[PDB]
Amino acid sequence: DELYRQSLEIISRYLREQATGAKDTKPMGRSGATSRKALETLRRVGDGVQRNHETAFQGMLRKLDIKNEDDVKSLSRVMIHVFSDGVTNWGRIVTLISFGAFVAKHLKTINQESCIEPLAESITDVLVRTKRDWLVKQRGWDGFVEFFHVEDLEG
């Protein structure tokens, strides 16, 4: 399942990088060029989402009250409720992953870094297993990179 594997790699790297503030220097697996570009795109667009919706992000984090492994496990149901049960577009996918990064940073701050990888898996499961048809129709991570591509300015 190449789409699942690629998705998990991109999402896991972004969440870990957000939490630690350090780039992972290990090579990507399969489809490395696209995955690198996808991660670069999340760095740009995801960071903006977290700031544009800072108050709402903080509010939801507070409401969720994430302390430990069991709370992190409980998030799948919430993601299905909020993300899966609605329209699908790249913006909503970016928000799913960006709020994930916001939770990952919280996990670092409460010294529960071990829960970041399970969190990344949960987000990937929700995205790929509930929206595969859409993702395939939209050309997967190549489509993601194409959708957010910015042309160079003249001059």
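Residue numbers run from 1 along the displayed sequence. Just so we're on the same page, rigid core means the largest C-alpha set that superposes within 1.5 Å between forms.
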After a core fit, does 137 to 145 or 10 to 18 show the bigger CA gap to the shown form in 6 other deposited structures of this protein? 137 to 145
Which is farther from the shown form in 6 other deposited structures of this protein in C-alpha RMS with the core fitted, 46 to 54 or 64 to 72? 64 to 72
Which wins on mean Cα temperature factor, 116 to 124 or 65 to 73? 65 to 73
Between 20 to 28 and 133 to 141, name whichever shows the higher mean Cα B factor according to the PDB entry. 20 to 28
Considering only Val87, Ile110, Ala56, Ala104, which residue's Cα atom bears the greatest B-factor as recorded? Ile110
Would you check the entry's CA temperature factor for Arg92 and let me know if it's in the chain's lowest, middle or highest third? lowest
